[PDB]
Amino acid sequence: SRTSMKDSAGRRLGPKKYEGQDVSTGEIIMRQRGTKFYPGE
Amino acid sequence: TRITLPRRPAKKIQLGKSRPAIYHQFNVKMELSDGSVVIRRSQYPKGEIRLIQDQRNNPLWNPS
Amino acid sequence: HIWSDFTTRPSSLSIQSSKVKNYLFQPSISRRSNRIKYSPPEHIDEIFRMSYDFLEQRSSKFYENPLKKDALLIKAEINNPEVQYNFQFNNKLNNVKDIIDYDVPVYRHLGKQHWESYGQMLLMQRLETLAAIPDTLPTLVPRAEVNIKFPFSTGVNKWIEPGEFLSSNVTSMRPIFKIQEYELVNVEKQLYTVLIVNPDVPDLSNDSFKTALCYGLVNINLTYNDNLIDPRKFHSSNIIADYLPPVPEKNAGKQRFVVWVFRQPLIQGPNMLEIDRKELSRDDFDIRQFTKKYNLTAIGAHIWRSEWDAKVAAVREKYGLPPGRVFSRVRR
Amino acid sequence: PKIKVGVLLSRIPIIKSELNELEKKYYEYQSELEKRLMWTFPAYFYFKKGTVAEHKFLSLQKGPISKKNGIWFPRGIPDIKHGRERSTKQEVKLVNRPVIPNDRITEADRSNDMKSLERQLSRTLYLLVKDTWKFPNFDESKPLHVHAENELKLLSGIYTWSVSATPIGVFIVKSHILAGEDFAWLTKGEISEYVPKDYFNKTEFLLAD
Amino acid sequence: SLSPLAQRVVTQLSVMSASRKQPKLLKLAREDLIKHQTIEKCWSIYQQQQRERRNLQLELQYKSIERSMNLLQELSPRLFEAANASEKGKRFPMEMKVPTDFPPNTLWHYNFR
Amino acid sequence: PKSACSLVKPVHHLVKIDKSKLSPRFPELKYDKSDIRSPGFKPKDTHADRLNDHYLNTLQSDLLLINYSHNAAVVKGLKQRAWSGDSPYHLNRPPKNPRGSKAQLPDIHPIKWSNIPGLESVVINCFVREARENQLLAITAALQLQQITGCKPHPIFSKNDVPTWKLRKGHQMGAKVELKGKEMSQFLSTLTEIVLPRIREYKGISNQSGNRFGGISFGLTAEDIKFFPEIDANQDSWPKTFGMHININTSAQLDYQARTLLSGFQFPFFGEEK
RNA sequence: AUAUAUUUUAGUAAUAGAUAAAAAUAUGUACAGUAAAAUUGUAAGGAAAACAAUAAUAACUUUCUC
Ligand SMILES: [Mg+2]
């Protein structure tokens, strides 16, 4: 392999719902690798 | 080449049913170089043992 | 030889069975063959006697304000073999005066210890897991055991384990409490209250829940040996909210019925308190607020939980209540 | 103030202390319990299955009453495994010479020698001198303990060892004997009778058991 | 199946194992059990008392030593200093034996060196 | 499994809760290991420990005396150093490892009545190296250990791999026994009265053998093991014998104190100068 | 003491602890506990086999004691 040129796509993880925002039961709030945020109330 | 005793399926010792090792022992009489006798609990079957080479005759333990 | 004497010392400190006592002092295993088989360990006698002598001496030495005195007494007694025998091998729940007196401090102490070992812990666990405490009443510190029973309906005999599911049949008529106090408290002047609350009845306005007071006794007199709260004892003057049974609506979760026991504030005789029996709103009821008002200190608690079943309609009818609402199976 | 260098020369006990009665009883009980709970003696390892010594050993031992179909055993059925009734405690009987121990009471025999070292063998002894009467007082260039040692060494010609240069009490030194107005040796209890109460109180905690 | 050495090894192993060697666990009558418990308690108490005694004695000794040191420093400074001299290499006599069960033939030595 | 997320919900009481007691699962386990009812019961004080008695009566007081310095306060050893707050980066930073070493060190407390040096425990490890080839050797070693001591050893497995010596992980090699209380005292007495004397050219333990927090160690060759009573009585039974290391843990704060204590129990330290 | 019959033991095989960083079980649940390195030591044994030791007790509870 003279050149490299391989890579995966970005995973689009992060916050999907912000402080103050109205969720509905089931709505995803945060996507993450590991628990940078922990489940609360 | 590894010489081993190939294990059997071991016995399951249930939790709470583990009995501690109380080996069979005798109250042996140990006679030293001089007439001092001393009692010790030993697993070997013998009532009395007199000793020839002990601390009491060795020069290192006593400068007399 | 202080443990041999029984002038001032109550008669309960001895083993009431004579044979057993005799055996101890120089057995019980009933069957003859079994007895024959049995082989006790050697040199138990003399050594045991020596031990007794030692401990007796210690007790004598110990022997001489109230709480301190009680503590001293307890210390003196505890190591008595006889007392230990009495406590360990005779029932503590349905107590029998002469075998185990909870008037006697040592026995009381032992009981407390026993409670701490298991039942109390269990109760605590049930409270925590089922969210009884933070939901109804901030916290408690155990103090006294509280065992409930439902003798009248059905007719069977059972002490309810904390956090059980009772059928509507079983909890159709009122319960019986046994508040087993410890901790050297006054008996003549000290009064108690008992409240059976259920915090999870459906509030449709708020969409949350509201807490109903389904049974309320106040100004009950207790005694260390005599503590069963039967209709014999309390009288109709002491009931602030007369018993209403668990009647859970269909698909309204599992309703937690949590019996709280409080002791009165202490100021000559038994201090009572009025509680505006009419004014007090029982359908929706603030426990904490109530406590604040009358300055109660929750000593002990117990809990069970009820669910809907076919039987509840009948119960409602008997009690002359509405037909009961029905809720959607989905938590929408 | 004048510096008087005290010394409490001690004789260290030479045998295990005599027990209490209760303690002894307890020990016996414990031993019994151990015996009851002990494992079987594995004779098959120590002694061979066709040896003369083994045979001799066997001859001393008596076996356990085995079980036979048709008989009543009213003390429970014999649960025997590996040559032992599991039910009960199991015991084992046993220049070449029988070892006979020396008597632990020569002092008693003497019934007199308070100026003797071979007295109470299983007790800590202390040297005491007459004048009330007290510990060997001795009255500044040398170190104190060393000086004390020197002073007492002259009175006999004995062999002591100072535990340390650090003193105790009013200045008293500690030292331990290793070789052979009154040369008197006593136990901790015996001294109370042979000395003033105040003095005893002052130096009670020094004299060990 | 197995060599003689192997057999020997097995036997040795067994010597250590609890296989077939351990008896049935001792049961007790209730009263007996109680008695045992009481005895144990008594023993424990005795032990504690003994510990206290010894500990107390030690404390007293320490206090005495401290007092002596205080006196000594005040009085003869040189002497005090000498006393202090740290015993980093001190080592017990060796002739000062450990108590035996029964005493020797010569119950003490007179001549030495 | 959905979660994979450890998070204990906080409680609303100060009652402790020993869960095991609420379960009826292991009813034998509920009792202490010293309560007669438990199958784990064994008697402790079978007889009197002579060595311990000696320590208590004669030695302890002596130890207290000798160690005593005048007003020696704690010379607290080297710890983890906090960061100087002369920059904002120090703010949430972990502390600096001790000036001397990687590991943190204990404080040396003065030798008073409360904390006199004493014997804590004796650990014997017999790593038979020839057991890499023959696994029966390990068993034999263990048996020997048992015979010597009178309390069950535990197997020592090879924890590492290395080609130079024929060593591979997961291989039983030798036995390790932890001795405590009366048993340990007995063992020590046996070592001192019988074995160490009988060993031909023994000049005593080396004075450099200090663990440095009051631990002392020494070896025994394969020959010396024959001198133990339980082995000497039957030389026919023991063809191969295995050397061992002996570690002795003490309540001593420093090595010198520990060695002094050991000397009290008849341990010759003529091996060297400290 | 010795003979016969009938049975009982001896097949000898580990961990004896809710075991906790040698191997062997990779999915469920229940209960529990902490790793590693480095340093100082110790028969053969050292750079590199195994074992041991290496952070603070302020407050609290029980026990024993002046
Ligand atoms: Mg990426």
# chains A, B, ... in the order shown; residues from 1 in each chain; ligands from 1
$ residues_near_ligand --ligand "ligand 1" --cutoff "10 Å" --atoms "only C-alpha atoms (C1' of nucleotides) and all ligand atoms" --output "list in words"
residues 7, 8, 9, 10, 11 and 12 of chain A
$ closest_atom_pairs --of "chain E" --to "chain B" --cutoff "12 Å" --atoms "only C-alpha atoms" --output "tab-separated table"
residue	atom	partner	partner_atom	distance
E:1	CA	B:5	CA	11.5
E:2	CA	B:5	CA	9.5
E:3	CA	B:5	CA	11.1
E:5	CA	B:5	CA	11.2
E:6	CA	B:5	CA	7.7
E:7	CA	B:5	CA	10.0
E:8	CA	B:5	CA	11.7
E:9	CA	B:5	CA	8.9
E:10	CA	B:5	CA	8.3
E:13	CA	B:5	CA	10.6
E:14	CA	B:23	CA	11.9
E:15	CA	B:23	CA	9.2
E:16	CA	B:23	CA	8.2
E:17	CA	B:21	CA	8.6
E:18	CA	B:21	CA	7.2
E:19	CA	B:11	CA	9.6
E:21	CA	B:23	CA	9.2
E:22	CA	B:22	CA	8.3
E:23	CA	B:19	CA	10.0
E:24	CA	B:19	CA	9.9
E:25	CA	B:19	CA	8.3
E:26	CA	B:19	CA	11.4
E:92	CA	B:61	CA	11.1
E:93	CA	B:62	CA	8.8
E:94	CA	B:61	CA	5.7
E:95	CA	B:62	CA	5.1
E:96	CA	B:62	CA	8.8
E:97	CA	B:61	CA	8.9
E:98	CA	B:38	CA	11.0
E:99	CA	B:38	CA	9.4
E:100	CA	B:38	CA	5.7
E:101	CA	B:38	CA	4.6
E:102	CA	B:37	CA	5.0
E:103	CA	B:36	CA	4.7
E:104	CA	B:36	CA	3.7
E:105	CA	B:35	CA	4.4
E:106	CA	B:35	CA	7.7
E:107	CA	B:36	CA	9.2
E:108	CA	B:36	CA	11.5
E:109	CA	B:64	CA	8.6
E:110	CA	B:64	CA	9.7
E:111	CA	B:64	CA	7.7
E:112	CA	B:64	CA	4.6
E:113	CA	B:64	CA	4.9
$ residues_around --residues "range 24-37 of chain G" --least-positions-apart "6" --cutoff "9 Å" --atoms "only C-alpha atoms (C1' of nucleotides)" --output "PDB file with N, CA, C and O atoms (P, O5', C5', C4', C3', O3' and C1' of nucleotides), in the first residue's frame"
ATOM      1  N   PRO F   1     -28.804  -7.870  27.642  1.00  0.00           N
ATOM      2  CA  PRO F   1     -28.241  -6.715  28.348  1.00  0.00           C
ATOM      3  C   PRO F   1     -28.323  -5.430  27.525  1.00  0.00           C
ATOM      4  O   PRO F   1     -27.866  -5.397  26.385  1.00  0.00           O
ATOM      5  N   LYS F  19     -27.262  -6.976  53.105  1.00  0.00           N
ATOM      6  CA  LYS F  19     -28.073  -7.789  52.185  1.00  0.00           C
ATOM      7  C   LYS F  19     -28.074  -9.297  52.459  1.00  0.00           C
ATOM      8  O   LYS F  19     -29.140  -9.909  52.535  1.00  0.00           O
ATOM      9  N   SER F  20     -26.887  -9.885  52.603  1.00  0.00           N
ATOM     10  CA  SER F  20     -26.741 -11.324  52.871  1.00  0.00           C
ATOM     11  C   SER F  20     -27.700 -11.864  53.937  1.00  0.00           C
ATOM     12  O   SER F  20     -28.161 -13.001  53.838  1.00  0.00           O
ATOM     13  N   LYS F 102       8.405   6.191  43.323  1.00  0.00           N
ATOM     14  CA  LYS F 102       7.090   6.141  42.694  1.00  0.00           C
ATOM     15  C   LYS F 102       6.014   5.947  43.758  1.00  0.00           C
ATOM     16  O   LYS F 102       4.976   6.613  43.734  1.00  0.00           O
TER      17      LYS F 102
ATOM     18  P     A G  18     -16.427 -18.310  53.324  1.00  0.00           P
ATOM     19  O5'   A G  18     -16.611 -17.115  52.287  1.00  0.00           O
ATOM     20  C5'   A G  18     -17.814 -16.968  51.509  1.00  0.00           C
ATOM     21  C4'   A G  18     -17.505 -17.121  50.038  1.00  0.00           C
ATOM     22  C3'   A G  18     -17.017 -15.854  49.339  1.00  0.00           C
ATOM     23  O3'   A G  18     -15.596 -15.929  49.271  1.00  0.00           O
ATOM     24  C1'   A G  18     -18.915 -16.756  48.202  1.00  0.00           C
TER      25        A G  18
END
$ atom_distance --atom1 "CA of residue 162 in chain D" --atom2 "CA of residue 7 in chain D"
9.9 Å
$ residues_around --residues "residue 161 in chain C" --least-positions-apart "6" --cutoff "9 Å" --atoms "only C-alpha atoms (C1' of nucleotides)" --output "list in words"
residues 123, 147, 148, 302, 303 and 304 of chain C
$ write_last_selection --atoms "C-alpha atoms" --output "PDB file, in the first residue's frame"
ATOM      1  CA  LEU C 123     -38.245  -3.080  56.427  1.00  0.00           C
ATOM      2  CA  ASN C 147     -46.075  -5.668  62.567  1.00  0.00           C
ATOM      3  CA  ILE C 148     -49.494  -5.585  60.918  1.00  0.00           C
ATOM      4  CA  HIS C 302     -44.596  -0.971  57.743  1.00  0.00           C
ATOM      5  CA  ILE C 303     -45.840  -1.291  54.176  1.00  0.00           C
ATOM      6  CA  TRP C 304     -47.855  -3.450  51.816  1.00  0.00           C
TER       7      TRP C 304
END
$ interface_residues --of "chain D" --to "chain C" --cutoff "9 Å" --atoms "only C-alpha atoms" --output "PDB file with N, CA and C atoms, in the first residue's frame"
ATOM      1  N   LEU D  22      -9.067 -22.658  85.960  1.00  0.00           N
ATOM      2  CA  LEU D  22     -10.119 -22.387  84.981  1.00  0.00           C
ATOM      3  C   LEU D  22      -9.541 -22.416  83.573  1.00  0.00           C
ATOM      4  N   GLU D  23      -8.390 -21.758  83.428  1.00  0.00           N
ATOM      5  CA  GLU D  23      -7.684 -21.678  82.145  1.00  0.00           C
ATOM      6  C   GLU D  23      -7.352 -23.072  81.646  1.00  0.00           C
ATOM      7  N   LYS D  25      -8.745 -25.880  82.475  1.00  0.00           N
ATOM      8  CA  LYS D  25     -10.001 -26.556  82.144  1.00  0.00           C
ATOM      9  C   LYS D  25     -10.434 -26.197  80.732  1.00  0.00           C
ATOM     10  N   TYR D  26     -10.361 -24.898  80.447  1.00  0.00           N
ATOM     11  CA  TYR D  26     -10.736 -24.352  79.140  1.00  0.00           C
ATOM     12  C   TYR D  26      -9.898 -24.996  78.046  1.00  0.00           C
ATOM     13  N   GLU D  28      -8.286 -27.808  78.158  1.00  0.00           N
ATOM     14  CA  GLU D  28      -8.659 -29.225  78.080  1.00  0.00           C
ATOM     15  C   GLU D  28      -9.871 -29.395  77.179  1.00  0.00           C
ATOM     16  N   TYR D  29     -10.858 -28.538  77.418  1.00  0.00           N
ATOM     17  CA  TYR D  29     -12.114 -28.539  76.667  1.00  0.00           C
ATOM     18  C   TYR D  29     -11.829 -28.350  75.172  1.00  0.00           C
ATOM     19  N   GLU D  32     -10.257 -31.349  73.627  1.00  0.00           N
ATOM     20  CA  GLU D  32     -11.298 -32.365  73.441  1.00  0.00           C
ATOM     21  C   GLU D  32     -12.058 -32.096  72.146  1.00  0.00           C
ATOM     22  N   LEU D  33     -12.427 -30.828  71.979  1.00  0.00           N
ATOM     23  CA  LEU D  33     -13.166 -30.371  70.799  1.00  0.00           C
ATOM     24  C   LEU D  33     -12.378 -30.678  69.530  1.00  0.00           C
ATOM     25  N   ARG D  36     -12.345 -34.307  68.733  1.00  0.00           N
ATOM     26  CA  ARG D  36     -13.657 -34.658  68.182  1.00  0.00           C
ATOM     27  C   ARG D  36     -13.705 -34.324  66.697  1.00  0.00           C
ATOM     28  N   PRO D  74     -28.098 -49.084  68.899  1.00  0.00           N
ATOM     29  CA  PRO D  74     -28.880 -48.009  69.523  1.00  0.00           C
ATOM     30  C   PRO D  74     -28.128 -46.694  69.751  1.00  0.00           C
ATOM     31  N   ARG D  75     -26.861 -46.627  69.347  1.00  0.00           N
ATOM     32  CA  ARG D  75     -26.053 -45.426  69.517  1.00  0.00           C
ATOM     33  C   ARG D  75     -25.799 -44.821  68.137  1.00  0.00           C
ATOM     34  N   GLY D  76     -26.734 -45.048  67.215  1.00  0.00           N
ATOM     35  CA  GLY D  76     -26.552 -44.694  65.814  1.00  0.00           C
ATOM     36  C   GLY D  76     -25.788 -45.779  65.087  1.00  0.00           C
ATOM     37  N   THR D  88     -17.781 -40.238  66.324  1.00  0.00           N
ATOM     38  CA  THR D  88     -17.094 -39.884  67.564  1.00  0.00           C
ATOM     39  C   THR D  88     -15.631 -39.490  67.375  1.00  0.00           C
TER      40      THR D  88
END
$ residues_around --residues "range 9-12 of chain D" --least-positions-apart "6" --cutoff "8 Å" --atoms "only C-alpha atoms (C1' of nucleotides)" --output "list in words"
residues 117, 123, 124, 125, 126, 127, 174, 175, 176, 177 and 178 of chain D; 96 of chain E; 58 of chain F
$ write_last_selection --atoms "C-alpha atoms" --output "compact mmCIF listing (two decimals), in the first residue's frame"
# COMPACT_ATOMS: atom_id res chain seq x y z
CA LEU D 117 18.02 -18.63 91.72
CA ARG D 123 8.18 -16.85 87.68
CA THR D 124 10.09 -13.58 87.18
CA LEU D 125 12.42 -12.91 90.13
CA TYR D 126 13.94 -9.64 91.40
CA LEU D 127 17.05 -8.96 93.51
CA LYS D 174 17.01 -2.39 84.51
CA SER D 175 19.31 -5.38 83.97
CA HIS D 176 19.08 -9.15 83.42
CA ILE D 177 21.10 -11.83 85.23
CA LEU D 178 22.91 -14.78 83.58
CA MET E 96 18.70 -15.51 77.92
CA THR F 58 9.58 -10.60 79.49
$ closest_atom_pairs --of "chain E" --to "chain C" --cutoff "12 Å" --atoms "only C-alpha atoms" --output "Markdown table"
| residue | atom | partner | partner_atom | distance |
| --- | --- | --- | --- | --- |
| E:26 | CA | C:41 | CA | 9.0 |
| E:27 | CA | C:40 | CA | 8.8 |
| E:28 | CA | C:40 | CA | 7.0 |
| E:29 | CA | C:29 | CA | 6.9 |
| E:30 | CA | C:28 | CA | 7.7 |
| E:31 | CA | C:24 | CA | 6.6 |
| E:32 | CA | C:40 | CA | 7.6 |
| E:33 | CA | C:85 | CA | 9.7 |
| E:34 | CA | C:85 | CA | 6.7 |
| E:35 | CA | C:48 | CA | 6.4 |
| E:36 | CA | C:48 | CA | 7.4 |
| E:37 | CA | C:81 | CA | 8.8 |
| E:38 | CA | C:81 | CA | 6.4 |
| E:39 | CA | C:51 | CA | 5.4 |
| E:40 | CA | C:51 | CA | 8.6 |
| E:41 | CA | C:79 | CA | 7.9 |
| E:42 | CA | C:51 | CA | 5.7 |
| E:43 | CA | C:51 | CA | 7.8 |
| E:44 | CA | C:51 | CA | 10.8 |
| E:45 | CA | C:55 | CA | 9.1 |
| E:46 | CA | C:54 | CA | 9.1 |
| E:49 | CA | C:58 | CA | 11.9 |
$ residues_around --residues "residue 186 in chain F" --least-positions-apart "3" --cutoff "8 Å" --atoms "only C-alpha atoms (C1' of nucleotides)" --output "number ranges by chain"
B: 40; F: 49, 51, 182-183, 189-190
$ closest_atom_pairs --of "chain G" --to "chain F" --cutoff "8 Å" --atoms "only C-alpha atoms (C1' of nucleotides)" --output "JSON lines"
{"residue": "G:22", "atom": "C1'", "partner": "F:159", "partner_atom": "CA", "distance": 4.8}
{"residue": "G:23", "atom": "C1'", "partner": "F:170", "partner_atom": "CA", "distance": 3.8}
{"residue": "G:31", "atom": "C1'", "partner": "F:20", "partner_atom": "CA", "distance": 7.6}
{"residue": "G:38", "atom": "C1'", "partner": "F:102", "partner_atom": "CA", "distance": 5.5}
{"residue": "G:39", "atom": "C1'", "partner": "F:101", "partner_atom": "CA", "distance": 6.7}
{"residue": "G:40", "atom": "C1'", "partner": "F:211", "partner_atom": "CA", "distance": 5.1}
{"residue": "G:41", "atom": "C1'", "partner": "F:211", "partner_atom": "CA", "distance": 4.4}
{"residue": "G:42", "atom": "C1'", "partner": "F:217", "partner_atom": "CA", "distance": 5.0}
{"residue": "G:43", "atom": "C1'", "partner": "F:219", "partner_atom": "CA", "distance": 4.5}
{"residue": "G:44", "atom": "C1'", "partner": "F:221", "partner_atom": "CA", "distance": 7.9}
{"residue": "G:49", "atom": "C1'", "partner": "F:167", "partner_atom": "CA", "distance": 6.9}
{"residue": "G:50", "atom": "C1'", "partner": "F:127", "partner_atom": "CA", "distance": 5.3}
{"residue": "G:51", "atom": "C1'", "partner": "F:125", "partner_atom": "CA", "distance": 5.4}
{"residue": "G:52", "atom": "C1'", "partner": "F:247", "partner_atom": "CA", "distance": 6.0}
{"residue": "G:53", "atom": "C1'", "partner": "F:211", "partner_atom": "CA", "distance": 6.5}
{"residue": "G:54", "atom": "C1'", "partner": "F:105", "partner_atom": "CA", "distance": 6.2}
{"residue": "G:55", "atom": "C1'", "partner": "F:104", "partner_atom": "CA", "distance": 6.0}
$ closest_residue --among "F:135, F:252, F:67, F:57" --to "residue 1 in chain B" --atoms "only C-alpha atoms"
F:135
$ closest_atom_pairs --of "chain F" --to "chain E" --cutoff "7 Å" --atoms "only C-alpha atoms" --output "tab-separated table"
residue	atom	partner	partner_atom	distance
F:39	CA	E:25	CA	6.6
F:54	CA	E:98	CA	6.6
F:61	CA	E:58	CA	6.5
F:66	CA	E:87	CA	6.6
F:67	CA	E:87	CA	6.9
F:69	CA	E:84	CA	6.1
F:70	CA	E:84	CA	6.7
F:112	CA	E:62	CA	7.0
F:113	CA	E:59	CA	5.2
F:136	CA	E:9	CA	6.4
F:139	CA	E:13	CA	6.4
F:140	CA	E:9	CA	6.6
F:143	CA	E:12	CA	6.3
F:256	CA	E:88	CA	6.4
F:260	CA	E:91	CA	5.4
F:263	CA	E:92	CA	5.6
F:264	CA	E:92	CA	5.2
F:265	CA	E:98	CA	6.9
F:266	CA	E:94	CA	5.9
$ closest_atom_pairs --of "chain F" --to "chain D" --cutoff "8 Å" --atoms "only C-alpha atoms" --output "CSV"
residue,atom,partner,partner_atom,distance
F:42,CA,D:34,CA,7.5
F:43,CA,D:30,CA,6.2
F:44,CA,D:30,CA,7.9
F:45,CA,D:30,CA,6.8
F:46,CA,D:30,CA,4.9
F:47,CA,D:27,CA,5.2
F:48,CA,D:27,CA,7.8
F:50,CA,D:16,CA,6.2
F:53,CA,D:16,CA,7.8
F:57,CA,D:209,CA,6.7
F:58,CA,D:12,CA,7.0
F:62,CA,D:163,CA,6.6
F:65,CA,D:166,CA,6.9
F:66,CA,D:164,CA,5.3
F:68,CA,D:166,CA,7.6
F:237,CA,D:46,CA,7.9
$ write_last_selection --atoms "C-alpha atoms" --output "PDB file, in the first residue's frame"
ATOM      1  CA  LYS F  42     -12.483 -24.678  64.506  1.00  0.00           C
ATOM      2  CA  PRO F  43     -11.098 -24.204  68.027  1.00  0.00           C
ATOM      3  CA  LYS F  44      -8.523 -21.423  68.423  1.00  0.00           C
ATOM      4  CA  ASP F  45      -6.873 -21.516  71.865  1.00  0.00           C
ATOM      5  CA  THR F  46      -6.214 -25.266  72.072  1.00  0.00           C
ATOM      6  CA  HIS F  47      -3.333 -24.782  74.514  1.00  0.00           C
ATOM      7  CA  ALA F  48      -0.975 -21.964  75.586  1.00  0.00           C
ATOM      8  CA  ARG F  50       4.815 -20.500  75.140  1.00  0.00           C
ATOM      9  CA  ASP F  53       3.821 -15.869  76.769  1.00  0.00           C
ATOM     10  CA  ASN F  57       5.909 -11.248  80.119  1.00  0.00           C
ATOM     11  CA  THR F  58       9.580 -10.605  79.485  1.00  0.00           C
ATOM     12  CA  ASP F  62      12.109  -4.642  77.378  1.00  0.00           C
ATOM     13  CA  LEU F  65      12.234   0.400  77.239  1.00  0.00           C
ATOM     14  CA  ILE F  66      14.976   0.015  74.656  1.00  0.00           C
ATOM     15  CA  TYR F  68      12.070   4.728  73.818  1.00  0.00           C
ATOM     16  CA  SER F 237       9.802 -41.429  53.297  1.00  0.00           C
TER      17      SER F 237
END
$ interface_residues --of "chain D" --to "chain B" --cutoff "10 Å" --atoms "only C-alpha atoms" --output "short mmCIF file (atom, residue, chain, number, x, y, z; two decimals) with N, CA and C atoms, in the first residue's frame"
data_model
loop_
_atom_site.label_atom_id
_atom_site.label_comp_id
_atom_site.auth_asym_id
_atom_site.auth_seq_id
_atom_site.Cartn_x
_atom_site.Cartn_y
_atom_site.Cartn_z
N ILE D 15 10.88 -21.52 82.63
CA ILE D 15 9.87 -22.46 82.12
C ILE D 15 8.48 -21.83 82.00
N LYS D 16 7.63 -22.45 81.18
CA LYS D 16 6.27 -21.98 80.94
C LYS D 16 5.51 -21.84 82.25
N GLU D 34 -11.09 -30.35 69.59
CA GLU D 34 -10.16 -30.56 68.48
C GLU D 34 -10.12 -32.03 68.10
N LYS D 35 -10.01 -32.86 69.13
CA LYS D 35 -9.96 -34.32 68.98
C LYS D 35 -11.21 -34.82 68.27
N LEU D 37 -13.23 -33.12 66.38
CA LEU D 37 -13.20 -32.60 65.02
C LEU D 37 -11.99 -32.99 64.16
N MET D 38 -10.94 -33.54 64.76
CA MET D 38 -9.73 -33.90 63.99
C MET D 38 -10.06 -34.84 62.84
N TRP D 39 -9.21 -34.81 61.82
CA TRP D 39 -9.29 -35.76 60.72
C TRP D 39 -8.79 -37.12 61.19
N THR D 40 -9.04 -38.16 60.39
CA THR D 40 -8.50 -39.48 60.70
C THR D 40 -6.99 -39.45 60.59
N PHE D 41 -6.32 -40.23 61.43
CA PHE D 41 -4.89 -40.42 61.29
C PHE D 41 -4.64 -41.31 60.07
N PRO D 42 -3.93 -40.78 59.05
CA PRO D 42 -3.69 -41.54 57.83
C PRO D 42 -2.50 -42.49 57.98
N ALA D 43 -2.73 -43.61 58.66
CA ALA D 43 -1.67 -44.59 58.95
C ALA D 43 -1.02 -45.15 57.68
N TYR D 46 2.24 -42.99 56.70
CA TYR D 46 3.35 -43.08 57.64
C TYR D 46 3.89 -44.50 57.74
N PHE D 47 2.98 -45.44 57.96
CA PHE D 47 3.32 -46.85 58.09
C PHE D 47 2.98 -47.60 56.80
N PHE D 57 2.40 -51.10 65.32
CA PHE D 57 1.48 -49.98 65.51
C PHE D 57 0.04 -50.48 65.54
N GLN D 90 -11.64 -39.94 67.78
CA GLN D 90 -10.78 -41.09 67.53
C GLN D 90 -9.40 -40.84 68.12
N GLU D 91 -8.85 -41.86 68.80
CA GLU D 91 -7.53 -41.76 69.43
C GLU D 91 -6.59 -42.86 68.95
N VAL D 92 -5.30 -42.66 69.21
CA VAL D 92 -4.25 -43.51 68.65
C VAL D 92 -3.13 -43.73 69.68
N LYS D 93 -2.99 -44.97 70.14
CA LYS D 93 -1.92 -45.34 71.08
C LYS D 93 -0.56 -45.41 70.40
N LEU D 94 0.50 -45.31 71.21
CA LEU D 94 1.88 -45.40 70.74
C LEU D 94 2.74 -46.15 71.75
N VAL D 95 20.81 -43.35 72.41
CA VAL D 95 20.19 -44.52 73.02
C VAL D 95 18.68 -44.35 73.09
N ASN D 96 17.95 -45.44 72.82
CA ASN D 96 16.50 -45.46 72.97
C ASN D 96 16.14 -45.47 74.45
N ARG D 97 15.25 -44.56 74.86
CA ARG D 97 14.96 -44.35 76.27
C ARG D 97 13.64 -43.59 76.45
N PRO D 98 12.86 -43.94 77.49
CA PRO D 98 11.65 -43.16 77.78
C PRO D 98 12.00 -41.80 78.38
N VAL D 99 11.52 -40.74 77.74
CA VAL D 99 11.83 -39.37 78.16
C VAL D 99 11.02 -38.98 79.40
N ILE D 100 11.71 -38.86 80.53
CA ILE D 100 11.09 -38.47 81.79
C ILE D 100 11.46 -37.02 82.09
N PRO D 101 10.46 -36.15 82.29
CA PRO D 101 10.72 -34.73 82.51
C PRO D 101 11.20 -34.43 83.93
N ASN D 102 11.96 -33.35 84.07
CA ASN D 102 12.43 -32.91 85.38
C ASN D 102 11.31 -32.20 86.13
N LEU D 178 22.57 -13.54 84.30
CA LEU D 178 22.91 -14.78 83.58
C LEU D 178 23.86 -15.74 84.32
N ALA D 179 24.29 -15.39 85.54
CA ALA D 179 25.21 -16.23 86.32
C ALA D 179 24.96 -16.09 87.83
#
